[PDB]
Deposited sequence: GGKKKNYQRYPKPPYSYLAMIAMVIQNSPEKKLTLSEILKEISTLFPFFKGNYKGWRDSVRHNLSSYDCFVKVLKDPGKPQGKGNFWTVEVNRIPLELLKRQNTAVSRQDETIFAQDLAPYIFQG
């Protein structure tokens, strides 16, 4: 275990932001992972475990709603992820007091 110099934003906030900026306000996991590394080039680099963290966030926060790529086959894969913004704990959209921090200070304008 170790902490990496990621952008000063929660994985929640960065996921929510890419979903909310998408055309239909929904993205597959692959699109999420692709858009996040575009907006934050640190993720384009060698470290790849953030892709695990990201996937983990999508399942751990109620604000992340999986809508099925197929109504039938509810066990399928490759589904679209949406964010229910009112269910977002508003402090997680704010820039983090971490080493790296020592775009904007609050991600709310990109999301609501």
Missing stretches, numbered from 1 on the deposited chain sequence and kept in order: 1 to 6, 109 to 113, 124 to 125
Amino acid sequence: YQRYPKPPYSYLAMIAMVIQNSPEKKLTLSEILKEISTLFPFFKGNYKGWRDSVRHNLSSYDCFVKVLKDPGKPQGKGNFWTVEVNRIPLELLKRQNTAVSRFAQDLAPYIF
From here on, numbers count along this sequence of modelled residues.
statement: Higher of the two mean Cα B-factors (37 to 45, 67 to 75; per PDB record) comes from 67 to 75
Mean C-alpha B-factor comparison - 47 to 55 and 81 to 89, higher one: 81 to 89
statement: For residue 10, the third of its chain by CA B-factor is the lowest
- prompt: If you rank every modelled residue in this chain by C-alpha B factor, which third holds residue 1: lowest, middle or highest?
  reply: highest
